[PDB]
2 protein chains.
Amino acid sequence: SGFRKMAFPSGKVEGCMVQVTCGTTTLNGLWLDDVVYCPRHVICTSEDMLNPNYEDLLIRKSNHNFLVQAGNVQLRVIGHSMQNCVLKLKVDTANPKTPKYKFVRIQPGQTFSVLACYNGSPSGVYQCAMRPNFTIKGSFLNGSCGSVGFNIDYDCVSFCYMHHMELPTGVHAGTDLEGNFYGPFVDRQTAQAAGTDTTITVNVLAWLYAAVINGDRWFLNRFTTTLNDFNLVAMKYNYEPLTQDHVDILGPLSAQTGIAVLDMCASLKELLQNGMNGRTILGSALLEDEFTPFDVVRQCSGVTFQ
Amino acid sequence: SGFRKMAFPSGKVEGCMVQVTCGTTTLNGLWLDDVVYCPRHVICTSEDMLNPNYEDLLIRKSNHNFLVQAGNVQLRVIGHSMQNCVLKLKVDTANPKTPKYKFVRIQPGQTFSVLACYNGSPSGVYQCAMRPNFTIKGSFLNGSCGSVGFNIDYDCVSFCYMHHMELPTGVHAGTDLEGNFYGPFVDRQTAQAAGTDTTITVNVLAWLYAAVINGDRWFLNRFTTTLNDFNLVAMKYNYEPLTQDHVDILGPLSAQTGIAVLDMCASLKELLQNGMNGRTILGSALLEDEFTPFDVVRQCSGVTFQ
Ligand SMILES: *C(=N)[C@H](C[C@@H]1CCNC1=O)NC(=O)[C@@H]1[C@@H]2[C@H](CN1C(=O)[C@@H](NC(=O)NC1(CS(=O)(=O)C(C)(C)C)CCCCC1)C(C)(C)C)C2(C)C
Ligand SMILES: *C(=N)[C@H](C[C@@H]1CCNC1=O)NC(=O)[C@@H]1[C@@H]2[C@H](CN1C(=O)[C@@H](NC(=O)NC1(CS(=O)(=O)C(C)(C)C)CCCCC1)C(C)(C)C)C2(C)C
C-alpha cells in the first residue's frame, strides 16, 4: 500500500552527464556514444542573448573553444554541429556507459523523471508532467541547463526533455533531444508568455483510482454520467476534455477496482462542484493531476526495470 | 526557482541490490563488499510467522538453503549470521560496485530517499521522512522487503533504513542496517500499533521559508512571538514542540530571507488558528512537513554529489 510521487531510478542517466564549457558559460551535456548534446545557447555571451544569430555565432567557434569534462577526464572535441536548438559535440571517446536509449517527443499530460544536474554532477531526481501549455513545473537553478528528462521502458532509457530556460512565472521550458522546443518558445531573451494552463483530467481520474485502490473511498457515489455531460462541467472549471481514448486508457484501473470510468467521472463532477470540504485524498487537499494511468498501474502493481 | 519533492540520485545504490531466496520466499538484499544484508524474516515459513524462534530457525539452515542472485550471476553463500533483525550472508565475491558508505541510525523528522525494489531490481525512488511515531509513509508491495533508505553526503552513501513490514493503517516499519527496529515493533505477525503521529514543526517552518524564497509571501505578518507562546499553540494542534536547537538549525534560512525564526513562528501560529482559507503555498493546500532545513538549503542553493 501507499502512494508516493515516484521517479525512475537514475543510475543509467547519471553515467551520461558531463560538463560543457564555452567561454565563461558552463552547463551540462548528455554524452551518448561519441556525441555530447547540450543547449545551443551555451555559445552566447551577454550581448548575444537579446537577439542571437546562432549560425553566425557557431561559425566563429572552433573545436577547441569547447571544454568537455566527464569527471576529471577531459574529452577532446573533434567536430561540432547544430540541430535545431541543440548543439552536437563529436568527441574522440565513446561513452563506455551508454545505455540502450531512444529519443522521444512526448505529449502534454505525460510524465517523466528529471535528473537535475550542476557542473556535470547529479543533484537530485524528481517526477513532473508536461503541462497542457508545454511548460513543466520544475526545480532548477543557475547552471542547470542541459539537465534531461527521461522514462525507462524495460531496459531502454527514453530521453524526452532537455532543460533550457525559466519563465517569469517560475516554470520551465526546454526541448526534445532533437532540439525542438515544446511550446511556442525560442531561445532568446525576449518577452515570451505561456498559454493558460489547464488541469489534466485523465490523470486526475487515474489518481482517484489509486485512492480507491489504497482504501480512500469517501468521494464515491452511486451516480453515473455521460462524456458529454461530464465535459460540459469540466470545461467550466478549466479541465481538459475527456475523449474516448482516455476512457479506454483507464480500462485496466476500472477493471481492477470494478468502478466504471463514467461512474468515477460522476464523482469527479461532484468534487468540482462542491469541493472537498476539508477532507483529503491520498494525503492531498487538492486534486492531483501529475500521475498518468500508467504511473498508477506501475506503482500499484510493482513493475521493475532491467 | 521551483520546489519539488526531490530524491537523491540512486545510481550508487542500484548496483548494490540483489535478490535473496530462501525456500519459497524471495525478497531483496543489500550487497556491500562480500556481505549481503536482508531482513531475517526471509527464513520464516507461514507457520513460523505468528511466533518465530529465529535462533532455532537459523540453526536449521545451511549455506546452500540461501539463493542469492546479482542479475544473472549467482553468488555463492559461504557463511551466515544474524545481527538483531537482519541476516548477514557472507558470499565468495566482493561487490566490485561497492560505494563509499556508512550505516547511520536516523532520528524522527529526518528525511531520506527510498529505492523501492522487487526481485533485486529497482522499481522507483522517492523521498520520505521518519515520522515522530517511527513509521514511514512509504509505497511498498509484496516482495519489497530489503529495499533500503539512504542519503548521500558528498561522495558517501549513508544507509539508514531497510524495509520489513506494513502496518494495518497502510504505513511502513523497518530497521537500521544493524538490524534494530525504529519504533516499538518486532518482526512477528502479532497485533502491533503505532503511537499517534505528530506534525514535524521545524520542517514546516523550513518549508515556509522555501515558499518565501520562491515568492509565496501572503502568509507573512508583522508580528513576532516567543518560543513559549508558540509551543503552547503548537501542542494544541499536535505539532512537535520547538526547541532552541531547531531555531539555530533554521539560522541560514532566516539569514537568507531576512525573516527571523520567531517572526515566521508568528505566521505559522496564524495559519494554525485560521487555516489557509483556500489559498495554497508552493502548490499545496496543507502544511508540508517532509522537508528538513537541510533539504530546503540543498534544493534552493544547488548542492551536488560526487
Ligand atoms: C541554464 N543553465 C539556465 C537555467 C535557468 C537559471 C534559473 N533557472 C533556470 O531554469 N537558463 C538560462 O540561462 C536561459 C538562457 C538565457 C537566459 N535564460 C533564462 O532562463 C532566463 N529567463 C529568461 O530570459 N526568460 C525569458 C525572458 S524574461 O524572463 O521574460 C525577461 C524579463 C525578458 C528577462 C526568455 C525565454 C522565454 C521565457 C522568457 C533567466 C531565468 C536566467 C532570467 C537563455 C534564454 C538563452
Ligand atoms: C516484505 N517483502 C513484505 C512487505 C509488505 C507487503 C505489502 N507491503 C509491505 O510493506 N513484508 C512482510 O512480508 C512482513 C513480514 C511478515 C508479514 N509482513 C507484513 O508486512 C504483513 N503485515 C503484518 O503482519 N503486520 C503486523 C500484523 S497485523 O497486520 O496487525 C495482522 C492483522 C495480525 C496480520 C505485524 C508487524 C507489525 C505491524 C502489524 C502484511 C502487510 C503482509 C499483511 C512479517 C511481519 C514477518
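By convention in this document, chain letters (A, B, ...) are assigned in the order of the sequence lines, proteins followed by strands, and residues within each chain are numbered from 1. For ligands, and for the atoms within them, numbers begin at 1 and follow the listed sequence. Atom set for the values below is all heavy atoms of this structure, side chains included, hydrogens, waters and symmetry mates excluded.
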_B:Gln127, B:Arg131, B:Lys5 screened by side chain to side chain donor-acceptor pair (under 3.5 Å) with B:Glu290, the one that passes_ = B:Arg131
_Aromatic ring pairing A:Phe291/A:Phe3, orientation class (parallel under 30°, perpendicular over 60°, tilted between)_ = tilted
*Answer yes if the ring centres of A:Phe159 and A:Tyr37 are under 6.0 angstrom apart, and no otherwise.*
no
*Considering residues, nucleotides and ligands other than A:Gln107, do more than 12 of their heavy atoms fall under 6.0 Å from its CD?*
no
*Do A:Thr175 and A:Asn180 pass the side chain to side chain contact (heavy atoms under 4.5 Å, CB included) test, and can you show the C-alpha distance, the side-chain angles, and the key distance before you say yes or no?*
CA-CA 5 Å; A:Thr175 67; A:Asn180 306 108; 5.7 Å; no
*Heavy-atom nearest neighbour in the protein, as seen from atom 6 (C) of ligand 1, with distance rounded to 0.1 Å*: A:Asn142 OD1, 3.6 Å
*Polar-atom distance check: A:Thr190 versus ligand 1, any N or O pair below 3.5 Å?*
no
*Do you know which of A:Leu89, A:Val20, A:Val68 makes side chain to side chain contact (heavy atoms under 4.5 Å, CB included) with A:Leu75?*
A:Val68
*Can you confirm whether something in the protein, heavy atoms only, sits under 4.0 Å from atom 43 (C) of ligand 2?*
no
*Say whether, by atom type as modelled, one donor and one acceptor occur between the side chain of A:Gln306 and the main chain of B:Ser121 under 3.5 angstrom.*
no
*Any protein heavy atom lying closer than 4.0 Å to atom 20 (O) of ligand 1?*
yes
*Does atom 9 (C) of ligand 2 have any protein heavy atom closer than 4.0 Å?*
yes
*Angle class for the B:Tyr161/B:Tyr182 ring planes (parallel below 30°, perpendicular above 60°, tilted otherwise)?*
parallel
*Checking A:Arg4 side chain against B:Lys137 main chain: does a donor-acceptor pair fall under 3.5 Å?*
yes
*Should you measure from each heavy atom of B:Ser144, which atoms of ligand 2 turn up under 4.0 Å away?*
2 (N), 4 (C)
*Check: A:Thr111 and A:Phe294 side chains under 4.5 Å, non-hydrogen atoms*: no
*At a 4.0 Å threshold, what atoms of ligand 2 neighbour a non-hydrogen atom of B:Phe140?*
8 (N), 10 (O)
*Closest non-hydrogen protein atom to atom 24 (O) of ligand 1, residue and atom name please, with distance?*
A:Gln189 NE2, 3.1 Å
*Any protein heavy atom under 4.0 Å from atom 4 (C) of ligand 2?*
yes
_Exercise check, heavy-atom protein proximity under 4.0 Å to atom 31 (C) of ligand 2_ = no
_Under-4.0 Å protein heavy-atom contact, atom 15 (C) of ligand 1_ = yes
*Heavy-atom nearest neighbour of atom 38 (C) of ligand 2 within options B:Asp187, B:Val171, B:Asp48, B:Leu167*: B:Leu167
*Short list, please: which atoms of ligand 1 are under 4.0 Å from a heavy atom of A:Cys145?*
1 (C), 2 (N), 3 (C), 4 (C), 11 (N), 12 (C)
*Would you say atom 28 (S) of ligand 2 has a protein heavy atom nearer than 4.0 Å?*
no
*From the candidates B:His41, B:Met165, B:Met49, the one that places a heavy atom nearest atom 13 (O) of ligand 2*: B:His41
*Does the side chain of B:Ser123 come within less than 4.5 Å of A:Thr304's, by heavy atoms?*
yes
*Within the structure, does at least one protein heavy atom fall under 4.0 Å of atom 34 (C) of ligand 1?*
yes
*What atoms of ligand 2 come closer than 4.0 angstrom to any heavy atom of B:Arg188?*
35 (C), 36 (C)
_Heavy-atom pair of closest approach, residues A:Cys128 and A:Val114_ = SG-CG2, 3.7 Å
*Considering B:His164, B:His163, B:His172, which one's heavy-atom position lies nearest to atom 12 (C) of ligand 2?*
B:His164
*asked:* Check for me whether B:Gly143 has a heavy atom closer than 4.0 Å to any atom of ligand 2.
replied: yes
*Out of curiosity, is B:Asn28 lining ligand 2, as in a heavy atom under 4.0 Å away?*
no
*Answer whether the closest heavy-atom distance between the side chains of A:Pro39 and A:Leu27 falls below 4.5 Å.*
yes
*For ligand 2, note which part of B:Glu166 has a heavy atom under 4.0 Å away: side chain, backbone, both or neither.*
both
